[PDB]
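Novice: Before anything else, here's the structure in question.
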């Protein structure tokens, strides 16, 4: 599951 | 993920990509090819699906054999290699080894990942987010995958629903009597 | 490593096309494939309809019959008479 | 090597007149000619008995000449692949729109599984030539459409092949009482190992309702079909859905206990229906009434 959450978190971390 | 071709065989089954019994696992699998077990032969193991296009991307590898009908029925080579040596297009990497009989070990290099790579490229200079639409559509695709995982979890729970009752109940032999009865009437008549 | 930078320059100089297609086709070719994902989600919806149907039918099955252990007694009765019929 | 040139010459003599018996043995003793290559490889053992990774090691030198030897032997797969593709188009020895009836290919087809392992990996090429054969056999052949059986002796796990096979299954529900069994036994291969999951399950479902009609010629397939449920898919729910869809009698059990839920076949009204092969239209109009 973690990769989908990491996508969102990364889009936030950008 | 990775796509290629394995280019030999050793026993119908041989030692796995790894094991939790000494570190962590990687698939035990087999390609059935057979030959003599104390003097010369040089067989092969094959697939489209074994040399698949999906894969655990990389490892500093250990080569171990096993099995070999019953004449061999056991290991036959031990070897190691950091995998950059076996480059992805035409880029042969090779051995000769012989833990019980000689074999000139031949393997061919004839023909989340993307996400992590992109991060590195992003970090490599002064850069923007540009066409973030791409990320939106991707998260939607992630969601379709996540749905599927949840569906699998539902099926996981569904699997035990009837199994309790099925484990719970025997009537079984009840059927055979009525079956014999149906036959017997007709035969007798 | 290094030769991939030279191939980037070759894509720009000869093509122009190839290096500019890679980002665009990242969605564009993908879009062709996204239909399949969607269809399989449509498929997944149907799968759920069966899960849903079972999440009624199993419970209904339990609630409908709710009979067991009687069969052994009635079967023993049947057996002694049935074995008599086949013996006769 | 002399085999590898002798045999070519003699194979031309085989083009002069095709005495079939020789050819039938060929695919078998193809493995024995590969044993002639094993026997050559024994001299490779003797030749080895004459010789005495990340840094870019040198073990390749031990194998490399054997790679070129194998490239040579691949030529010796290819020249058969030439003679073979010529014979594969030559379903008869062909001239002026006539075939010297190498439908006898169907005979040698069983023996062929021995050599078929050898050339197979250009499954593209083999598949195309065989597909060209399938397309015509599907038209002309009934006797000669037995090719359907030996076909499963060729192995592929690519779902694409199973899909072309679903288009072939669409391309194939056929009349002769025997011609169904070649597929039955292909189906048996598929009931050892199911190849295409739920899409397969749907094609099978399409079959099952038609199978709810049966001559006793169909009754052999019932036993084969018990493998498909014997392979646990929670079997009982799908079994229930299909049981509703074919409830000729209410209940049964395992493969032998499949005998119980009977309802009647009829050679009789089907004989009347064959006489009515004369009339269609109105025949789709009377069913809704």
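Residue numbers (the authors' numbering), protein chains in the order written: chain FFF, -7 to 6; chain AAA, 53 to 163, 173 to 250; chain EEE, 113 to 200; chain CCC, 458 to 509, 521 to 701, 707 to 762.
The beta-carbon is built from N, C-alpha and C at its ideal position, and this holds for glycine as well.
Please report how far the alpha carbon of residue 691 of chain CCC lies from the alpha carbon of residue 571 of chain CCC, in whole angstroms.
Specialist: Approximately 31 Å, taken between the alpha carbons.
Novice: Taking the continuous alpha helix (DSSP H) assigned at residue 540 of chain CCC, which residues delimit it?
Specialist: 528 to 557 is the span of the alpha helix (DSSP H), which, as asked, contains residue 540 of chain CCC.
Novice: Whole angstroms is fine: what's the gap from residue 113 of chain EEE's alpha carbon to residue 133 of chain AAA's?
Specialist: Near 21 Å, if we compare the C-alpha coordinates of residue 133 of chain AAA and residue 113 of chain EEE.
Novice: Starting from residue 208 of chain AAA, find everything on chain EEE with Cβ-Cβ shorter than 9 Å and list it in chain order.
Specialist: Here the neighbours are 153, 156.
Novice: Hey, how far is the Cα of residue 673 of chain CCC from the Cα of residue 187 of chain EEE?
Specialist: Cα to Cα, the separation comes out at about 36 Å.
Novice: Could you please give the first and the last residue of the uninterrupted alpha helix (DSSP H) stretch that includes residue 597 of chain CCC?
Specialist: From DSSP, the alpha helix (DSSP H) with residue 597 of chain CCC extends over 591 to 608.
Novice: What distance in whole Å lies between the Cβ atoms of residue 160 of chain EEE and residue 212 of chain AAA, which are believed to be in contact at a cut-off of 8 Å?
Specialist: Contact holds; Cβ gap of about 7 Å.
Novice: What does residue 93 of chain AAA reach in chain CCC if we use C-beta pairs closer than 9 Å?
Specialist: The answer, in chain order, is 495, 498.
Novice: In chain FFF, which residues lie less than 8 Å from residue 203 of chain AAA when you measure between Cβ atoms?
Specialist: Under the 8 Å cutoff, chain FFF gives -5, -4, -1.
Novice: Beta-carbon within less than 6 Å of residue 682 of chain CCC's beta-carbon, same chain only, minus the 5 sequence neighbours each way: which residues are those?
Specialist: Within the same chain, residue 682 of chain CCC has close Cβ partners 738.
Novice: Which residue or residues does DSSP assign as beta-bridge partners of residue 70 of chain AAA?
Specialist: Paired residue(s): AAA:78.
Novice: Looking at the unbroken alpha helix (DSSP H) that takes in residue 199 of chain EEE, where does it start and where does it end?
Specialist: First-last of the alpha helix (DSSP H) with residue 199 of chain EEE: 182 to 199.
Novice: Kindly give me the distance between the Cβ atoms of residue 487 of chain CCC and residue 586 of chain CCC, rounded to whole angstroms, as I take these residues to be in contact under 8 Å.
Specialist: Contact flag correct, Cβ pair sits at about 7 Å.
Novice: In chain order, what residues of the stretch 145 to 156 of chain AAA put their CB closer than 9 Å to some CB of chain CCC?
Specialist: Cβ contacts with chain CCC: 145, 146, 147, 148, 149, 154, 156.
Novice: Whole angstroms is fine: what's the gap from residue 723 of chain CCC's alpha carbon to residue 734 of chain CCC's?
Specialist: Near 6 Å, if we compare the C-alpha coordinates of residue 734 of chain CCC and residue 723 of chain CCC.
Novice: Residues in the stretch 81 to 112 of chain AAA with C-beta within 7 Å of chain CCC's C-beta atoms, listed in sequence order?
Specialist: Residues passing the 7 Å Cβ filter: 92, 93, 94, 100, 101.
Novice: Quick one: which chain AAA residues come within Cβ less than 7 Å of residue 159 of chain EEE?
Specialist: Within chain AAA, the residues near residue 159 of chain EEE are 212.
Novice: Return no unless some Cβ of chain AAA is closer than 7 Å to the Cβ of residue 139 of chain EEE.
Specialist: Yes - at least one Cβ of chain AAA is within 7 Å of the one on residue 139 of chain EEE.
Novice: Of the residues AAA:219, AAA:176, AAA:63, which one's Cα is nearest the Cα of residue 707 of chain CCC?
Specialist: Looking at the Cα atoms, AAA:219 is the closest of the given residues.
Novice: Rounded to the nearest angstrom, what separates residue 238 of chain AAA and residue 185 of chain EEE at their Cα positions?
Specialist: Approximately 14 Å, taken between the alpha carbons.
Novice: How many angstroms separate the CA atom of residue 106 of chain AAA from the CA atom of residue 56 of chain AAA?
Specialist: So the two alpha carbons sit approximately 10 Å from each other.
Novice: Spell out a yes or no on whether the stretch 496 to 506 of chain CCC and the stretch 100 to 117 of chain AAA are touching, meaning 3 or more CB-CB pairs, one atom from each, closer than 8 Å.
Specialist: The answer is no - the stretch 100 to 117 of chain AAA does not touch the stretch 496 to 506 of chain CCC, with fewer than three Cβ pairs under 8 Å.
Novice: By the criterion of Cβ-Cβ separation under 8 Å, what are the contact partners of residue 166 of chain EEE in chain CCC?
Specialist: Ordered by position in chain CCC, the residues that pass the 8 Å Cβ test against residue 166 of chain EEE are 710.
Novice: Apply the 10 Å Cβ neighbour rule to residue 633 of chain CCC and answer buried if 16 or more other Cβ atoms are within range, or exposed otherwise.
Specialist: Its Cβ being crowded by 16 or more others within 10 Å, residue 633 of chain CCC is buried.
Novice: I want to verify the contact list: residues of chain FFF whose CB lies under 7 Å from the CB of residue 190 of chain AAA, in sequence order.
Specialist: Neighbours of residue 190 of chain AAA on chain FFF, chain order: 6.
Novice: Residues of chain EEE with CB under 7 Å from residue 215 of chain AAA, in chain order?
Specialist: Under the 7 Å cutoff, chain EEE gives 163.
Novice: Would residue 582 of chain CCC and residue 668 of chain CCC qualify as a contact pair, given that the criterion is a beta-carbon distance under 7 Å?
Specialist: Their beta carbons are not under 7 Å apart, which means residue 582 of chain CCC does not touch residue 668 of chain CCC by this criterion.
Novice: Is the CB-CB distance between residue 222 of chain AAA and residue 170 of chain EEE below 7 Å?
Specialist: A contact, by the Cβ cut-off of 7 Å.
Novice: May I ask you to list the residues that DSSP assigns as paired with residue 566 of chain CCC?
Specialist: According to DSSP, which records beta bridges pairwise, residue 566 of chain CCC is partnered with CCC:563.
Novice: Which same chain residues end up closer than 8 Å to residue 88 of chain AAA when comparing Cβ atoms and leaving out the 5 residues on each side of it in sequence?
Specialist: The answer, listed in chain order, is 123.
Novice: Buried or exposed for residue 467 of chain CCC, please, with buried defined as at least 16 other CB atoms from any protein chain shown within 10 angstroms of its CB.
Specialist: It is exposed - the Cβ of residue 467 of chain CCC has fewer than 16 other Cβ atoms within 10 Å.
Novice: Mark residue 656 of chain CCC as exposed unless 16 or more other C-beta atoms lie within 10 angstroms of its C-beta, in which case mark it buried.
Specialist: Per the 10 Å Cβ criterion, exposed.
Novice: With a Cβ-Cβ cutoff of 7 Å, do residue 59 of chain AAA and residue -1 of chain FFF count as a contact?
Specialist: Not closer than 7 Å, so no.
Novice: Going by Cα to Cα distance, which pick from CCC:698, CCC:748, CCC:718 is closest to residue 726 of chain CCC?
Specialist: Among CCC:698, CCC:748, CCC:718, the Cα nearest to that of residue 726 of chain CCC belongs to CCC:698.
Novice: From residue 489 of chain CCC to residue 584 of chain CCC, what distance separates their C-alpha atoms?
Specialist: Rounded to whole angstroms, residue 489 of chain CCC to residue 584 of chain CCC spans 14 Å at the Cα level.
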